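Each of two forms of one protein chain follows alone as structure tokens, named structure 1 and structure 2.
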Structure 1
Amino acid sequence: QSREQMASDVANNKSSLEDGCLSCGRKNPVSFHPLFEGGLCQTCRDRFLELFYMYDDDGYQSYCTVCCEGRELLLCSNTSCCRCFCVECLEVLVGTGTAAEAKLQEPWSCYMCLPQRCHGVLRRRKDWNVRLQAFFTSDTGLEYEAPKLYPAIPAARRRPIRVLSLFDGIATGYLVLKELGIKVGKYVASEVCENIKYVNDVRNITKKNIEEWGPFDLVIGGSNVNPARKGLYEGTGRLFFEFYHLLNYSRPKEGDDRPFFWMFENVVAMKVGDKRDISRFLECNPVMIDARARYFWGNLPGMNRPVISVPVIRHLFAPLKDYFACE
């Protein structure tokens, strides 16, 4: 069916807006549009999971906020709201190009700023800040078990922590552990090339080195004009698999019940096939945290609790105080 057919039906008020693809007009939707009132088709929802969170170097939205396909973008003059809208969306979902005709005459505020009003067959849904959150980090074709919770330890038998790291920032995980007053005293750093025991070229670390330098108690990792748009065209395969290999090396053997925590970090703007691969290999599901949206895999205690990027890492690492000795 054509996009005008759905608008005609809505103007007749003879159907619901969740019967076709709001971005393409194709029927048989698979999910719901998290912002407006409409359905999402199968091929039109995969593109929404990648490009919806992409900002260019200008600080403005890269693609359309409705169809995520940009050919001629009109801008939101209001600051702290960098949304941009398409050129045919404003003529099909509003009714005509009258808004476009009046768009360039004066500075314009987008549809996410002005008080809610049904500007035709396009209705800003009342609540979006929650179902948008539930749209991304849920509704996936995998289901795993909750991680095993280690029992807490009394402070009379607490020892300093031992950290192996592979973050982008060499010392990013060192300062955070110092602001919390946790007993540092073992720290090995590295990087993916092309008390801190810095060693470059992670290609040089062997199993025997992990055996001698260990045992470890926390393994972390995950890390130029357009750092946000070059990510899709480059790929993140190299960064994940060396972290996975070293996590396999350092993981406690069978019959050992000592605590062991890990965490992986990645940005949201990535292809739909990589998230499934990481979830399958790591045997868990991510939780998004908004400060720059980011995914987080791991087994740290209380990882999906509500918020009460140094602050984000501090929030994530806070519940570690009751396992390892402080000060």
Structure 2
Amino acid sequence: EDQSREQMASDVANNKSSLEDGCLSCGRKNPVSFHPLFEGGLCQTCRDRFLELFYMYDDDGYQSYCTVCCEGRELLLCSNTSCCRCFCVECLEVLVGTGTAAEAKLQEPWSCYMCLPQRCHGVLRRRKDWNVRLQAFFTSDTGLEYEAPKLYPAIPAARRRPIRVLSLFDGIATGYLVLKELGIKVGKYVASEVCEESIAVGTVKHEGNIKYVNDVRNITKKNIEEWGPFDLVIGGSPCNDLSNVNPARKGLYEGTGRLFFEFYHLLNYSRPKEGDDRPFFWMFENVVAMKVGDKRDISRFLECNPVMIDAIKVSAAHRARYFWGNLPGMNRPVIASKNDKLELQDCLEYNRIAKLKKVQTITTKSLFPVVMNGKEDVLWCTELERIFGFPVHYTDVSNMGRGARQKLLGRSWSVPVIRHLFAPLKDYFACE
């Protein structure tokens, strides 16, 4: 019963059946979900395997596999600027028409069907609302629908107190950086960054206002009561454990992925006891490109469904991630601000021209992003900081170079994204 796609394509081309009933690339009947790009259905296995590898990218700056099904065997890349979309050789001729595979390979330059104005090439009719329809896929599709978060009661303006933060895997102190950018008065902050390179950043730049502690491995229960009531628990675990960029690909239950459980343990301890009514919150952040099996696990352990704020809508780089938590308003409409840097041309030094408008994701490892005086060059550390919204020269401490000033900026959060997330907290704690 493993029917192929040619029969379905022939049936729909004669107005005998619909595209929804069939898996858009698997060909199997009994669809479970749609395709955000093309009109049709997607099978359970296809949906499971394409939730994961959509947002992964290669070093050269193009998608790692097909934009249609899930797979890369022979790929023909679109050469249009500000577009890296790649297609599948098998996908083209079986749905749009015979002979298009060799014809496309000869025309220079090649433009993908998304670039050109929409035309129903065979059965590949693009959506006119795919821009607003892709978001609904990732936001909420899983089986269980957890209850809506409780809305804490309002507090009078004169009955507000300074917040007592407790950060984990603090990195270069991004939360502390945004907290005074909003205006909230921080009465206490307890980071637990163990990297001595990053520790020097927090002490010098914030004047020893971070009561630094060691790894989040030896903090005992009595410690979390010796330090008093905590009104916020930040945390972002390292994401170099389970990603399909490294072959090992150890799960969340092995290797460096067990640091998530430390956040849960500390959240249990810092949580107010039963019968207490102080405002309490939490948060999390991890790479979206994680296994589906563990994507639900983090949701179930924390009993919340992740959101997806897409950095492109606010910054000049592509990196989306999951933000669990019970913040009051973590599902609104993303809006940019006046003091933003939407295009890369605003994140460059003097006498340099930006060839692109947006830049592919940046990782620990570092072609034609900028040309000065008719000569190509690569981005500076002074330029990698304006992209994320960090103040310039932030990492210029402890005798650094390109070797380390790029690793720290690679696995850090985004100033505009968190600035968006922590906006509602101006009502429960001290302002000005």
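Counting starts at 1 with the first residue of structure 1 and goes up one by one along its sequence. Here the rigid core means the biggest group of C-alpha atoms that line up within 1.5 Å when the two forms are laid on top of each other.
Residue shifts between the two structures, rigid core superposed: of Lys183, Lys103, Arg251, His245, the only C-alpha displaced by 2 Å or more belongs to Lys103. The two forms, fitted on the rigid core, differ between the two structures by 2 Å or more at the CA of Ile170. After superposition on the rigid core, the Cα of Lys207 moves by less than 2 Å between the two structures. Taking the rigid core as fixed, one finds a CA shift for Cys84 smaller than 2 Å between the two structures. Once the core of the two forms is superposed, the Cα of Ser31 has moved 0.8 Å between the two structures.
In the rigid-core superposition between the two structures, residue position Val267 carries a C-alpha shift of 2.1 Å. A C-alpha shift of 9.2 Å is found for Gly231 between the two structures, based on superposition of the rigid core.
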